[PDB]
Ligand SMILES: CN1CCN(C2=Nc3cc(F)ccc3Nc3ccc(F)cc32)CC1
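Before any questions on binding or motion, here is one chain by itself as structure tokens, the form deposited without the ligand.
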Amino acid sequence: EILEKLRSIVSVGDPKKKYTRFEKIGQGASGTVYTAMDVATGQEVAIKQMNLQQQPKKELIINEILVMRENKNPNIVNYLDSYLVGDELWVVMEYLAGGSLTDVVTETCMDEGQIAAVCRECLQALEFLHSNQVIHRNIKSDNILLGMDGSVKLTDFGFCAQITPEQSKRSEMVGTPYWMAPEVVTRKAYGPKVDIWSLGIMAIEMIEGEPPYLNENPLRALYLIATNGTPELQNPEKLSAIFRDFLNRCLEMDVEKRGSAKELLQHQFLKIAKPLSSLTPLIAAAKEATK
């Protein structure tokens, strides 16, 4: 009954009177997401509402709130507060007007400059987390949020892990199959570089619209990751050499040879990044496409 630890972390007081103008903007396995407005303050917020029954290990909920409140950063969606509403947990975060990267990758064609701009900002989030001994473990386009200024922010700490010098590696088979690094899929001990792999897969989303093997069922994709290793692009000839190089460094099978987030921030690919204002036309296109 670590529900007591969860009960001591959360704020008390009715969120249903602190916040108004509730609108469902999202579903998800982890719960439903609503927008709302702080009754007093006017601030727009996103609230994730999670059924405590839905989650069998309430230990992960605790971990999610702590990591988020302890690791604030400009490239991470800001945690504001949390509340228990009966058997439902509400997490309140800053609302980022814009959209999901998923909408952009499925509905637009991104140029290398735009892709490099997104990758740089995500690598900055990862550098910060990994330096704070946190592995995200669920990097994908669905967890990247884009601001109306082209701000890029990472969210979702539902699956993350804290490591320590004593225990530098994890062994849970956690993530979303198509984005999971081979060492994770094959139950080897793994470290922060699983996030770099997932980032590589997200770069393939930005190129091709989908992670490798998405037409296949999840179990089949796990088999394909275990057997193929480094995925191949549909049309690699369409990419610059330096982009292909960046991809190769993100998607190295040899963990020790795979780029760290720090190493990758100095890659040549990132030097072609467009300014973040370059992403706002993608956001406009995606909103129009998903009317």
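Don't overthink the numbering: it's just position in the shown sequence, from 1.
FYI, the form solved in complex with the ligand isn't displayed, but the following is about it.
> Would you mind fitting the ligand into the shown chain by superposing the local C-alphas on its pose in the bound PDB entry and telling me if the pocket reads open or blocked at 2.4 Å from backbone or C-beta atoms, 3 atoms or more being blocked?
Output flag = blocked.
> Heavy atoms within 4.5 Å of the ligand in the bound PDB entry: which stretch among 121 to 129, 190 to 198, 206 to 214, 177 to 185?
After filtering at 4.5 Å, what remains is 121 to 129.
> Looking at 134, 117, 152, 202, which is the one with a non-hydrogen atom within 4.5 Å of the ligand in the bound PDB entry?
For this set of options, the contacting one is 134.
> Though the ligand is not shown, can you say which of 68, 264, 225, 251 has a heavy atom within 4.5 Å of it in the bound PDB entry?
That would be 68.
> Taking the ligand as it sits in the bound PDB entry, is residue 107 in contact with it (heavy atom to heavy atom, 4.5 Å or less)?
Answer no; every heavy atom of residue 107 is more than 4.5 Å from the ligand in the bound PDB entry.
> Taking the ligand as it sits in the bound PDB entry, is residue 112 near enough to touch it, meaning that at least one heavy atom pair lies within 4.5 angstroms?
Residue 112: no, not in contact with the ligand in the bound PDB entry.
> May I ask you to list the residues of 70 to 95 that have any heavy atom within 4.5 angstroms of the ligand in the bound PDB entry, in sequence order?
Contacts from 70 to 95: 71, 76, 77.
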